[PDB]
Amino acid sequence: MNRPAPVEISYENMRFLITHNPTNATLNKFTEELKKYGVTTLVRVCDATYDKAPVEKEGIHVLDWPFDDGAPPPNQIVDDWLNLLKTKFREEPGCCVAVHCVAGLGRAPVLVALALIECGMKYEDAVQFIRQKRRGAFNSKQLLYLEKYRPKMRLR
């Protein structure tokens, strides 16, 4: 059985880390986990009350991209995201992008799923691989969105 702990996802050069939220206290310990898993880039996508810089003063690129609880990612957000991944994995391959949010199994995993699909993983496999590592995965809408999604397919 498990704690309230991070969850890493890989393939191919891509490595993600879906996480919990810190309060400002935990925040030194939180940034320690991050550095361990080799993350360069955190993407907030729910709101969090911790005040980031300490994570930035440690040189992790933080991104505040909140979207609606339960929703699929807005169009931009998805564009930014894919575009973000290209540059960040180009910067140093096999590093980690962290995504974090209060639940852990709603919208954060979607970005990740999106990534794998747009990177050639069967939609079905994508959902299963995510649900393997965190169970509960997504909601109907999250899943609708995921099936209906069509890779360009765009990820150099």
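The first residue of the sequence shown is number 1, and the count goes up from there.
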property	result
Segment of higher mean CA temperature factor, 36-44 or 97-105	97-105
Entry-level comparison of average CA B-factors, 114-122 and 60-68, reporting the higher stretch	114-122
Modelled-residue ranking by C-alpha temperature factor, third containing residue 26	highest
Residue 11 - Cα temperature factor, lowest/middle/highest third of chain	highest
